[PDB]
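Below sits a lone chain in structure tokens, taken as the form deposited in one PDB entry.
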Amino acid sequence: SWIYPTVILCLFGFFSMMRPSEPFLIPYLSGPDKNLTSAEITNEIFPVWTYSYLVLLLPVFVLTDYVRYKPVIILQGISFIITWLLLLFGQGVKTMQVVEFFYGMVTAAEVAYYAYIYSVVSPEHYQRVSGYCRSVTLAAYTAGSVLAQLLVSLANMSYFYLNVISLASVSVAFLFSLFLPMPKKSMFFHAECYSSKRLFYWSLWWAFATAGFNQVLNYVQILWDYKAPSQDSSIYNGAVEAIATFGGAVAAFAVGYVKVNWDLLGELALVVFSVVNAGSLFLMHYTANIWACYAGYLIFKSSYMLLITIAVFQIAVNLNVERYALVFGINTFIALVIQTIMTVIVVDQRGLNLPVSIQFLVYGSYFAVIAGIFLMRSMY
């Protein structure tokens, strides 16, 4: 009974997350086919993704539970199709802002994909099905990155034809979406946990770490373009992305397997990994070596998954499955608020309008400051 919805959802997720053009977005946007400047991409286009994601988050959550999930998933597929159609044939800065708005809509709709299985799968089968869907998405992204690198290097394909493959993949995923069973119920519509201090503390770090991680991810490719202009040197954005994703997945798997009291060792290890994230970001900033910037990105992505995995394990240790949804929804909303404030102040043209050559000094400082403040309260 659980096999059919699970297999269909896993097929949709795999084909939606398989996007060979995602590692080479900056080389594509700044290439001859779009002629977008680095300042325009970083301080006018890219910030719009955070704004739309923050604005659309809560309404999409409320719509999802009430419409029984499936319709939102189909909407996510439609948004994927529109986003890549615009990416393939769009032109100018305004069109890219529309693309960013639709991508933010796509991201805000990902809650339906993971919340869908609750209403169609028995509570006894929740763990394995959720693990299956997460692993399928991770494998899809890694395979897409590896294929993107293989085609660019060996096959010699252009960045235009990488977006054609992504459009075909998302179209197939949408075609898979129209066959999922309609959920017959929902957790809230169709059926005070923060009072605990531990939940508040762990939620805070998760929210702040997630904000920093998403801010760094949105601009890491622009930093690589700055250090190694794509138009004159060989680039390995697919291989680097694939290796970083695999390292993060291995770190997340390792966290679960090794058994240790995270009530006592949680804060020390967390602070250490925040310091490691700060050091990797500082290396990315200062280092003039493109290989060192790749290594720093790998270290940051692997260490963050070491961090967020422990944070999520500590948050959900006592929460109910019903409470997972709203607690984590609030936590991602607050992380989006923090990221929006950061983007407005730093990256936005209405703030400091800082180029990518200085942003990563602010992100390393951000992570170091996170670790420093969290370290306090020890004595006195």
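Rigid core: the largest C-alpha set superposing within 1.5 Å between the two forms. Numbering starts at 1 and runs along the sequence shown.
Another form exists, deposited with a small molecule bound; not displayed. Remarks below refer to it.
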| query | finding |
| --- | --- |
| Partner proximity in the bound PDB entry: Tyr103 to the small molecule, non-hydrogen atom cutoff 4.5 Å | yes |
| The small molecule contact at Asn218 in the bound PDB entry, heavy atom, 4.5 Å | yes |
| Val356 within 4.5 Å of the small molecule in the bound PDB entry, heavy atoms | no |
| Contact test in the bound PDB entry: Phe61 vs the small molecule, heavy atoms, 4.5 Å | no |
| Candidate stretches 41 to 49, 310 to 318, 348 to 356, 65 to 73 - the one whose heavy atoms come within 4.5 Å of the small molecule in the bound PDB entry | 41 to 49 |
| Out of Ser230, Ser171, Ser135, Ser158, the residue that alone shifts its CA by 2 Å or more between this form and the one not shown when the rigid core is the reference | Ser230 |
| Large Cα shift (2 Å or above) at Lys94 between this form and the one not shown, core-fitted | no |
| Cα-Cα shift for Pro23 and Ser233, closer or farther in the bound PDB entry, minimum 3 Å | closer |
| Sense of CA distance change between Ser230 and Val164 in the bound PDB entry, threshold 3 Å | farther |
